[PDB]
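Single chain ahead, written as structure tokens, the form deposited in one PDB entry.
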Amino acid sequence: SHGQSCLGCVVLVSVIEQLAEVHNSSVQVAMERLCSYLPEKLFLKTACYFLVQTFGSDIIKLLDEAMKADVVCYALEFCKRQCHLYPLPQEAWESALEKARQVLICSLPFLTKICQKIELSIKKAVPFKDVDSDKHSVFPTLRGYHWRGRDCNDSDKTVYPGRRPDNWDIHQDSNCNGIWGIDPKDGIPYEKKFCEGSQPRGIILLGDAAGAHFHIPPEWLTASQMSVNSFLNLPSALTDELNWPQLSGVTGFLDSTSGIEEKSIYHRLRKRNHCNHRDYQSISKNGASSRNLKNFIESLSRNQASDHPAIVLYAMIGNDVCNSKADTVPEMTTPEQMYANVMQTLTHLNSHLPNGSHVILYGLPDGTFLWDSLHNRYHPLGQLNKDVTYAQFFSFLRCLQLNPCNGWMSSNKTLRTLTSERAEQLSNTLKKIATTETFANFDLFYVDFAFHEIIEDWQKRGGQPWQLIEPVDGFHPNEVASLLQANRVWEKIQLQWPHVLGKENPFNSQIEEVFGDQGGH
């Protein structure tokens, strides 16, 4: 727990220092300026002012002595001994620390219960706001409709996206796809006329942080461009666990910020058959791996008897080789364990998916890409003064036991190579499972990651490989990379296994004519 506290202190004190530098101001003014940028929502501004009240005068004192954020946070004891973010020799650290010494909430009784209620729903990966308990929400975050189709009736547990339509939806839109009622000419229900025989299916992601599109905007950490507008998305991002599933390559339903034209798998499936409107679920968690998926897979919502079938993407693309343990190789999953873990998941899916479903296993990428692309580039926190490379950033995180992938985010080339060998072996295990293992309620397919193909296509497009990686964590594929990978999966399945995606619905135009945007998302 010291790790996060240390990292959080070092980030905050770094922004304060750089805001002072950028604006040529006192530290007092820089702290007031940061608080002025933060929204009131989620008590962020008030928390900022509380911190300034509590620690402001000590921060002023130490930053005035020209100590950097890492030293300050040890001195204030947010960090406990020594992890260097900024380049400074050991001798200079011992100097500064002796001089520093020389120079120098859910316990609220009315919050405890709601805090536990929120921690629980997050741990179970189910929406906190869900009156009828069908796991679909009217609220966007806290596992709400950013993560799955919005509930059109939160007072009816039999109304939710992906349901087979009750009574062809004559009187209610029971599956939230915006199609319901009867044609006045022939009295035929629109959902019957427009969706019967079209074989609707949902998209379900079983994913990790990359699949849920973990993303810390570098705008939150770069003083030179910071403003009130930088942090408007901070409350919702925090209550989404710093994930942005609504923009992900598999389950995204908002229009891309990036400016590439590639669309999510959900968007493509909705476009192929508009009856699939709102039928997405991101069953994804930061840190998810083949080993621990069983701890939250029960949050998936698909009633075997009453729901349309689904396409399920199994996308554990790294945490079976990526971990934060100093001796990192012993915690990497073995091929034999991977086989046992995946078979357990598939056996579980078989008894919880409607017949006619499809499961796609994703291979693991080769992540040596991370070090090679980034190690000599400057991290957002090092860009002002050109003093924190990604190598220094990775080393700092490793010292804090917070590096999310010690095997690849490492200056040790032999270890980077070993990690890639293991990832390939695990991908080959997934491949073999898809080729040889059969289940009653779904068929099973393998698609490799093949980031070399994505990097090549990106290079043809005029891009550089470093532009495919989240700038703040230096680890996850960013929104562009995620959409490029989803496009590759879509095309490959379209070419080899077109039945997985179904046919285009010939009534799509008539659906749009009668129902417009089908209620939106």
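For the two forms, the rigid core is made up of the largest set of C-alpha atoms that agree within 1.5 Å on superposition. The numbering used is simple: start at 1 and walk along the sequence shown.
Another form exists, deposited in another entry; not displayed. Remarks below refer to it.
Shift analysis on the rigid core between the shown form and the other one singles out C115 from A326, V228, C115, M343 (C-alpha displacement of 2 Å or more). Between this form and the other one, the CA-CA gap for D132 and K113 widens by 3 Å or more, being larger in the other entry. The pair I118 and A209 is at least 3 angstroms closer at the CA level in the other entry than in the present model.
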